[PDB]
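Shown next, in structure tokens, is the structure this report addresses.
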């Protein structure tokens, strides 16, 4: 067993100094390794000693127990939030200092910002003290900016680590509680609920803690900024705050309407997904019946009904995004309108201070406060659910019981066990026999201690062992699973692999027992899984042995062999509680137990039971490597929009960005003009040239409404174009799949296409447009900020190209490792849920061996691996974000220094606008980067959608040579050296066929299942194009598609499919027939009386897959459709597989009397289907060596037909022979 840690692993986080921990300078070797090669699971870093799952789980369980004791002492209900607070309040209260520090920094950041702009208003080139004060203010501003950019990310990393620790401890507590759940709790709760719990609810703890401190810091910063505005500009700040407050209910109603429309379109989305699943499940049947037209029509109707609500929700989302983007501009415009209308003056410093403060407050109130409230609500819901789950009912040599009265359900008055008495002695074997539901498993659980004895006593001696009915294998190698934690014994292993037939599994598996097999048993079938479970059970060498039907998944020979090799040879000196329903395994068992609904009448030896006269018979995915190519982006745009449309969209986005920039540009120009006029009227001026308020206010309002309309229009256009592109791609994929051959459906399973139609379409409809629009908006904002900084100071463009190159190289070098880290996290998250499901499905045998500590340690190791992956992901993201913020702070420093150096050629408004636009790059840059990353990650679905739109379609449905309304008249079949391949250039089975079918002659074809019948049904149905020359009605068949080829089909599959809808659609989707014809077709097959019970006897909504109907009823529905189609071809394939023999006789006589006027080609699945056939085709291994009348070929003794007539039974063969002679006489000599 390899340890969790080998010789000391490089984990510099434990030995990092302050400068290395705050700057994340310790992630260099990991990135250097991940850049040159691929990161595996062994290349990860171990978590901190305080980050282990065991310690956190134990401390949280102790805190929860203390809280429960305190609540019980005060007669109150126990709560989980109080325990969580009391446990993690020491590590969270100290985190509030960094939050307050960063909030105070963000608040004082515009103060020094305006202090810098204030230096240029009264600027004097002969003043050195003023220049020194401005330089000191700029230095303090850059110091605060760096403090923010570094400490905020450090605090984010710390909060993420704390949330990961909390989630790990919660998962540990839930796993510990799951191991102590009683029988009532296991009956009232399913494993799917716990799976969804650990999948969704515990994951909310990593997001609520991020915005947990924003519940008070948000309002604190808001009040501080409001006081600063009241001190700076005065009462004019009330209008902006009023608009910012009234924006909250508007956003709430917008989100409510968006959720309503999302549910409305998700209903139709689920309906269309179910319809597509039903279509793909029976795509062969659809291609046979040639019902592609009506199916495509209804699918397009559903797609349009869904896309209507999709476009509505997209329009509402675009309006919401435009309002969120223009909220700052609207607030600034209203505030400054109220400020100028009062009779004041406009200065650059106060204007830019107010603009920055309004932007910061809008961001905090519209991005942090609602998200924080939602995360807190989700965390409260998850905590309440976990607490309710933690409040379930917990559980508290000879074996004999007396008057054992136990109740599995106390609500039911009937007892499951009553008057039980049995004795086991060393040497005898107590075997329990009886019908199902008698209570064998109940007694087994009562012996183990699970079933609480309501009346009686429990007397068990020795160790406890149990074998569940379902084989339970946990994570790790098969050897570790068999050993169960004990020492590896040699002779025990050889005896258990020679007794229970495990040497076979050893010689067929990859590496014997050293194979690392995960959960779910994906590499082992049921029999070998039960055998390995029995091997693990017997390996423990316990005293008692409770096996519950482990020899049921093994054939009789091997089961009896393993039984006589292990049970009656090694388990003879130990205690064994045997329970089987077989009467042959009771020979060596000198004690047989019988039950009457859980009661004892008599117990004795098997011979004594034969003396009493008891009869047992009366009781019995090629992902894109790196960045997706430009072809996907080119096809995603041109399919839904034209070149002129893309040009107009680009021009609209450009005009919107230009207006957004020119708003602040005109504000700065107004401030500069006001300052100049003030100077010229107060600097010794005799004239009073007051600024025209009407002109400037009109221009400002026009620019505001223009940029608002531009944002709204560009958002609506982007959303509409992307929705239309997604709809066109979906329609193209659907039309390509409708015309794709069945060969494409044979390789790709139904689940794959279901995934393509569910996850890719939903992403392209809901998440991809919003993500792409957000990325475009943020990139345009960054471009506008850069353009403003360049226009103000033209010297910033020189150190800008190296900065961009460094940023691109850094992004590539980070993503090259982040992709592998995310892949590792994705492949390590699932084993946790797999181990949870495995431990929940086998809780009985887990609690039987009293080894729950081993399962707890395994779950702790899995959670530690998942936490290592999550910690690696968090550290990579934080290392990238810190570098991005450092680049942004360096750019801000360069801007602030070049603005102060070139003070003689820069006005106050220009430097103010530059330093205000530069301060918004922080956060916006990382948001743009993450949006581009999400776009590149969402673009893989576009390639998967396009991959299906360029599939090799089959022959077209209709050619220019249309068949006459009489063709085919008869349809004689002629074979001339035909073949069959699954695909052009594949395997070869069918070869050298020849035959002759007369006009309107009922013939039968017989083939051996697996050795001549598969190719038979594949060449008769012609699923894949067979390379051969077959002729129908003296004309070739490979001249038309599947429309005029298999429309004469009456398919009989293993499970007759039934499309969801009305009976009129299921029997005539094109409405080509009338109602009386439908009624006659229903009555001729004896289906009218069973359907007249429903109210809508003609137009009822049938359930999915025909749940209200039986397999015989669906077969009769198919026969009714066939007789209504009025065709001259009848096919039958394995009718007697899972049908009621009475219904088999009914459908047989029906097709005998009714279908007695056309050509019949019965594929002989059984020897009783070709009785009335005249010609018999005996295909063997794809070759037709026997083709003549049945009697002429039965005259041959060595003919395989006569042989396979015999093996079904001697009397059966004689009956077949005599009825064949009878029908031959009736057909020839009446």
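All residue numbers here begin at 1 and follow the chain in the order shown.
The backbone N, Cα and C atoms fix where each Cβ goes, and this holds for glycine too.
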Site from 622, 686 that Swiss-Prot describes as N-linked glycosylation site, others unannotated there: 686
Annotation match for N-linked glycosylation site in Swiss-Prot, from 678, 724: 678
The transmembrane segment (228-248) and the transmembrane segment (351-371) contact flag, 3+ Cβ pairs under 8 angstroms: yes
Fewest other Cβ within 10 angstroms of its own Cβ, chosen from the glycosylation sites 678, 686: 686
Residue 678 (N-linked glycosylation site) to residue 686 (N-linked glycosylation site) - Cα separation in whole Å: 12
Close approaches to the transmembrane segment (703-723) from elsewhere in its chain (Cβ under 8 angstroms; 6 or more beyond its ends): 307, 310-311, 314-315, 317-319, 321-322, 325-326, 329-330, 333, 637, 640-641, 645-646, 648-649, 652-653, 655-656, 659-660, 662-663, 666, 764-765, 768-769, 772-773, 776
Proximity verdict for the transmembrane segment (93-113) and the transmembrane segment (328-348), three or more C-beta pairs under 8 Å: no
Å between Cα atoms of residue 621 and residue 620 (gap: 57 unmodelled residues): 48
Unmodelled segment of 11 residues: Cα separation of flanking residue 396 and residue 397 in Å: 24
Top Cβ-contact partner of the transmembrane segment (136-156) among 328-348, 886-906, 970-990 (pairs under 8 Å): 886-906
Conformational class of residue 686 (N-linked glycosylation site) under the three-state DSSP mapping: coil
